Every structure is written in C-alpha cells, then in structure tokens.
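Chemist: pasting the first chains of the complex, positions unchanged:
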Amino acid sequence: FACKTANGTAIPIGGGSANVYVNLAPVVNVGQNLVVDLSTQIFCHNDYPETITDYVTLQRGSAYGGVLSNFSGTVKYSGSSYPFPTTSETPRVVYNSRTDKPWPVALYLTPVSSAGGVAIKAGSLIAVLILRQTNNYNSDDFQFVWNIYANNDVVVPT
Amino acid sequence: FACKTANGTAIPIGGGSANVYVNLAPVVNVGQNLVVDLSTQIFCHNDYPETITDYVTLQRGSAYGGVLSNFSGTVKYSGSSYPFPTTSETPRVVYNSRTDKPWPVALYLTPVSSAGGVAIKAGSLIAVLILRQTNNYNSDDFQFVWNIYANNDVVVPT
Amino acid sequence: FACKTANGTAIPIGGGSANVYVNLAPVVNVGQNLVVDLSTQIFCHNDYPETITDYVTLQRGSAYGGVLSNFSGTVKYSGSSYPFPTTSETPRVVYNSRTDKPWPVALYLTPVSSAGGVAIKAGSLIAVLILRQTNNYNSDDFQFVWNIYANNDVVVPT
C-alpha cells in the first residue's frame, strides 16, 4: 500500500510524511466555507489486492496557524462529516485495487468573527491529516502524514 | 453539554459526529411538503446549569443525494425559517437544564417541478446539520455533527 | 431480465410495454430545458448474472403530440448525448446483477419559437422509448416499450 500526490511526492510502503500545497479562495466572508478537497491531490492503491485487503482511516486531523486561529471547520471523509479538528479516528475505507484511488478527504473551513485582514498566510502550514493504513493480512499499522500548506493568502473582509 | 438521539447514540461532551436515521413520508407529490423534524430525534442538555449557560446554533445545514438534487426548501430553527441549504449561522438557543431538550431543527422540503419516481433512496444521506455549542464560562466551542440518513424511499408520484 | 416502474407496473421476462407518467415543469421559456429523467422511474435487473450477461440499449426514442410539435430535444443515455428523436440505436449498457439498476435515460427538451400557450397537454403521450435487451447466452432479443405521458400541462410564455 502506498500513496502519492497529484503532481509530486510519494509516501512509500511503510508510511512516512509528505507536504501538500493547496489553493484557497483568496477572499472569504463569515458564513462562507473555504472548501479544501484533497481527493484531487492524494491518491493511494493496494499493492496485492488479490490476496490482501487494505483499510484506510482518517486517524486525526489538526489545524495550525491561521486556520487554527481564524477558522472553524468540518471534515468530510468518504461521504460522512466530522468536526475539524477531529475528535476520533474515522471508520475505514477499503482499498482493493492496484489502480490509484483518491483519499476522499475534504475540509470545510469557515472564518470566526475575529478573522480579519490576512487570516491565512501564503506558504504557511494550515493542517495535518494522518492517514492510518492496516490490512487483513499481518500486523502492518502505518501512518501516512500529510502536512497541508496554503499556496496563497486568504483575506477575510473587515 | 452533550446530545443524544432517539433509540440510538450520543455525542458526548466535546462534540463529535453521529448518524441519524429518520423515517420519511413514502409519497410526496409536487406541491406537497416533506417534513424532516429533528426535534423528535436530537436531544441535548446542559451539564452544569446551576453555573453555566450553554449556547447552541445551527452553524450550517447542507443537502445531499436526492434531497440536494430533487427538493428545495427551508430550515426552521426555533421558530424562525431560513433557506436550506443554509447561508449563515442561526441565532443561539440557550440550554439551561440537565433535562433533555429537543434540538429545534426541522427541514421543510418540497419537490422540484420535474421530480418523479424515487426522489430519495432508502439508506441514503440526505443532510448534514452542524450544531455549534459554546457557553458563558470558558473558550469551549464544539461541533456536534449530525449526518442525516433516510430510512426509506420517498416517491414523488406522477 | 425484466423491468419495473418506480411505483407501478412491470414489464416481464420477454419484453412488452408499459405507460409511464412524468412530472414536467409547468412553465418553460425558449432557451430553457425541460429535463425528464427516467432513471428515477425505470429500473431493470439481470435474472441470472452468475451465468448470463444482459446488454441493454436505447434502440429508439420518438416524440409525440406537443413535444413533437413544440420542442426540440436531446437524449442522455448512460452518460452520452444524442439527438431526440434518436437517429440510431445507442451503445449497450451491461446489466450484471439481480439488484435493480435504473435505466439511465433522460430527455432534455427545449421549446421551438412557435411554442406558446399550452405546448404540452396534461395526460397526453409525449414520447416512446424502446429498450432493447439481449444477452451473451442465447438468441433472446426483446423490446421493452415505454410510453411516456405528461402528468400536467406545460405552458410556454407568449
């Protein structure tokens, strides 16, 4: 089981970490969501599907910097919604093919009333999402740690 | 502050996510209304009411599946109506007692003019409603995320 | 292989005909589409999937009455678009399960410039769609003929 990003780095069999940059709407008002869909960016696959079933959870999502300070959020994982930062590990998604399948994770972030001017800085760490992978074969229990960075500034109108 | 559901589950202190399975009218004609009343499904209470006031909003309500594609309508939160899907956080409702109070949320849904046959599938996700809880005591700001599923097919007859 | 409608009649193994009523937007201007999605109304299944593959086409779509006189159209079948009335039989869709699967057919109908007042009458025949079913097993070649009737009047504003 391994993962890669749309146009860049991989995390190999056994887990590891990678950095992922995301495009954010440059302007967001209170009562609006920024939607950050990682499923167009993070893809995984099962290496031995005919003999092994891999199980993949969102083990933990965490907020950093301007998202931690200036936004509240929810996370959508495989069709179900959760608070963001997360409060528990999700149910598992099954990976059963050598063909890349997106990791179905999307953040929905909304500015709190204090947000104003640059609520998120360009290039800054906004989130960490931890993909936990297991199987029906052996004791493998691996973390794929995704560090989420903002491409651009996000301004909340004052 | 925590919440429970009718013959099911709980989201404990600090928030979290639950699934809510709701019975729907099997038949709703164009022009007719489908009512999804969560006030009979979702109940919350204040844990230290002698000392704390709890504040509770519908932060966001979103439509999914057949409700998203085949219906339009409103959300009534404690007496006032709003568009659904929502565009802003509602006013607060106070929880000031240890005894279960309904979450006063109801969806008022009516078929699009072109809908017919099976407009909602049994077992499908129809809505996500986020309960945001704060207080007059500390910095607690918790999301209680309700994933609302149809128990049955809803048919718009033709 | 057989088919049924959402809340009514069946066409049995061997083919046959049925009448299907559809809800139409009561008011349509030039440059707007009426969208008639039969996939919420017509469902089919394979009776012996473990041993037989069924193939299902839209063999022909035809317009009648007010649609023939007052609208031009396209038909969407399993993700691809065609003129309506059709000019040939579609590629086939595979049915490989005893579980009901919709027949993925949707009409997109737009008023011609002459349309005015009641362009479609309530209860009138508007379309015939012919489902042709074959298999990889024997010589079975069957027609499921769907007669499409308007529920309500459709008015084109003058």
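Modeler: Received, thanks. Numbers count the residues shown, from 1 in each chain, chains lettered A, B, ... in the order given.
Chemist: quick check: closest non-adjacent residue to the residue nearest in space to the middle of chain A.
Modeler: Among the residues of chain A, the one closest to the centroid is residue A:129, at 4.6 Å (C-alpha atoms, centre = their mean). With C-beta to C-beta, 6 or more residues apart in numbering or on different chains as the criterion, residue A:129 has its nearest non-adjacent residue at 4.6 Å, and that residue is residue A:146. C-beta: built from backbone N, CA, C; applies to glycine.
Chemist: what strands flank the host helix or strand of that neighbour, and is each parallel or antiparallel?
Modeler: For residue A:146, the host element (DSSP states H and E) is strand A:142-150. In the sheet, strand A:142-150 lines up against strand A:16-22 (parallel), strand A:125-135 (antiparallel) (DSSP bridges).
Chemist: chain center to that strand, what's the gap?
Modeler: Relative to the centre of its chain, strand A:142-150 is centred 7 Å away, using C-alpha atoms, centre = their mean, to the nearest Å.
Chemist: contacting residues for residue A:49?
Modeler: A:95-98 (C-beta atoms under 8 Å, 6 or more residues apart in numbering or on different chains).
Chemist: who's in contact with residue A:37?
Modeler: A:105-106.
Chemist: same check, this time on the one 5 residues further on
Modeler: Counting by C-beta under 8 Å, 6+ apart, residue A:42 touches A:3-6, A:20, A:102-103, A:105, A:131, A:146.
Chemist: and which of these is nearest chain B?
Modeler: residue A:105 (14.2 Å; C-beta to the nearest C-beta).
Chemist: so what sits opposite that closest one in the bridge?
Modeler: Here residue A:105 sits in beta bridges with residue A:77, going by DSSP bridges.
Chemist: could you measure from it over to residue B:123?
Modeler: 23 Å (C-beta to C-beta, to the nearest Å).
Chemist: of these two, which one has the most company?
Modeler: It is residue A:105, of residue A:105 and residue B:123, that has more neighbours when counted by other C-beta atoms under 10 Å in any protein chain shown, with 23 against 12.
Chemist: from what I see, that one and residue A:41 are in contact.
Modeler: No. Using C-beta atoms under 8 Å, residue A:105 makes no contact with residue A:41, being 9.3 Å away.
Chemist: contact residues of chain A facing chain B?
Modeler: With C-beta under 8 Å from any C-beta of the partner chain as the criterion, chain A meets chain B at residues A:30-31, A:33, A:72, A:74, A:79-84, A:87-88, A:108, A:110.
Chemist: which of the residues you listed fall within strands?
Modeler: A:72, A:74, A:80-84, A:108, A:110 (DSSP state E).
Chemist: which among those residues gets closest to chain C?
Modeler: Nearest to chain C among these, counting by C-beta to the nearest C-beta, is residue A:80 at 23.2 Å.
Chemist: let's bring in chain D now:
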Amino acid sequence: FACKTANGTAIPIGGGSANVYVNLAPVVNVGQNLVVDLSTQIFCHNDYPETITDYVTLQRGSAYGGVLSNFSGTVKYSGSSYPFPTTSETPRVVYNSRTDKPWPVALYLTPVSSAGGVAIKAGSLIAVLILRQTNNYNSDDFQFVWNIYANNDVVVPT
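Modeler: Chain D now in position relative to the chains above:
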C-alpha cells in the same frame, strides 16, 4: 450538410452523435486559461451550395465532470463570447460551400480559486455541444451532438 472530425469520424446528413477526443494543456494554474478549440476538431460543409443555404447554431453547450465542478468560463462562437454552460442558442453561421469549414467553437476555461491537483481526468467527458443545422430550402432541422472528452489529465498546480 454533414460534419467530420479530425482523424476520426463523421456525423452524416440528418445529424446524429459523435465523440470528440481533445488534447488539453497538462497544467493550468489558477488565473491561467485552458483553451478547448473545436475549430481544429470539427469541420462541416454544405452539400448543395449552388442551391441551398445552410444555417448552423450552437444550440446548447453543457459542462461535465471536472470542467463542470472545477472550471468557469465562456464559449466563443464565431467571434462573439457567451457564458458556458450556455443559456441561449447562438446566432447562425452560414455554410455555403462543399469545402470543410471549421465549426468556430472554442471554450475558454479558468480554474475555480479552490481547484488544485487533478482538475480534469484523462478519458473523461468534459462537455456536450449541440450543433443545430437548418436551411433555406425545407423543414430540415437536425442536431449534431458532440460529446467532448479530455485526452489527458489537466492539473491545476498549487
């Protein structure tokens, strides 16, 4: 009157449907433009120009897949720009010769601010464009339905 495509197919007299497979820029940044020029792909001619004038509109253009969700923009039909997806039939272009003339349709597409990673998948449907042909001779009113597919992944970098 009929139409042909670059190294492919034809829709003959009387209209019909074809698939068009188009090469796309592999990378389009937010702020940048993706151009889908069908003028190099779709060619039509008049069969009896000594005697007949053929009239040709873009009757409707619709977006699908990643183009629908991840892009916004316009359609340029013979020099004038319009919203895409479309809201009205365009002016006519005349075909008055037996020699292939391009269908002068081009999509001008730009990423939504929140798009990143794989915004269009290879092999996926991105658009349907309906060519409506009439004449100055008889009642012929024919639809030529072009189903437009991406040949490659289009990545919005982050």
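Chemist: what do you get for the contacts of residue A:42 once chain D is counted?
Modeler: A:3-6, A:20, A:102-103, A:105, A:131, A:146, D:117.
Chemist: beta-bridge partners for it, please?
Modeler: For residue A:42, the beta-bridge partners are residue A:5 (DSSP bridges).
Chemist: what does residue A:82 give?
Modeler: Counting by DSSP bridges, residue A:82 forms beta bridges with residue A:75.
Chemist: contacting residues around it?
Modeler: A:58, A:61, A:74-76, A:90, B:16-17, B:145.
Chemist: cool, residue A:25 as well?
Modeler: By C-beta under 8 Å, 6+ apart, the contact set of residue A:25 is A:34, A:154, D:113-114.
Chemist: highest neighbour count among these?
Modeler: residue A:154 (26 neighbours).
Chemist: gap between that one and residue C:138?
Modeler: Distance from residue A:154 to residue C:138, counting by C-beta to C-beta: 63 Å.
Chemist: how deep is the residue in chain A that chain B sits nearest to tucked in, by neighbour count?
Modeler: Of all residues in chain A, the one sitting closest to chain B is residue A:83 (3.7 Å; C-beta to the nearest C-beta). Burial of residue A:83 is recorded as 23 neighbouring residues (other C-beta under 10 Å).
Chemist: surely it meets residue A:73?
Modeler: Yes. Counting by C-beta under 8 Å, residue A:83 does reach residue A:73; the two are 7.4 Å apart.
Chemist: what sits against the residue of chain A closest to chain B?
Modeler: With contact taken as C-beta under 8 Å, 6+ apart, residue A:83 is in contact with A:73-75, B:15-17, B:142-145.
Chemist: dump these to JSON lines, plus neighbour count.
Modeler: Output for these, formatted as JSON lines (neighbours: other C-beta atoms under 10 Å in any protein chain shown):
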{"residue": "A:73", "neighbour count": "22"}
{"residue": "A:74", "neighbour count": "24"}
{"residue": "A:75", "neighbour count": "25"}
{"residue": "B:15", "neighbour count": "22"}
{"residue": "B:16", "neighbour count": "20"}
{"residue": "B:17", "neighbour count": "23"}
{"residue": "B:142", "neighbour count": "21"}
{"residue": "B:143", "neighbour count": "24"}
{"residue": "B:144", "neighbour count": "26"}
{"residue": "B:145", "neighbour count": "26"}
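Chemist: which among the residues you listed gets closest to chain D?
Modeler: Closest to chain D, out of all of these and judged by C-beta to the nearest C-beta, is residue A:73, at 14.3 Å.
Chemist: the residue lying closest to the closest one once chain neighbours are set aside: what's it in contact with?
Modeler: Setting aside the residues directly before and after it, residue A:73 is nearest to residue A:84 in space (C-beta to C-beta, 6+ apart), at 3.5 Å. Contacts for residue A:84 (C-beta under 8 Å, 6+ apart) come out as A:61, A:63, A:73-75, A:107-109, B:143.
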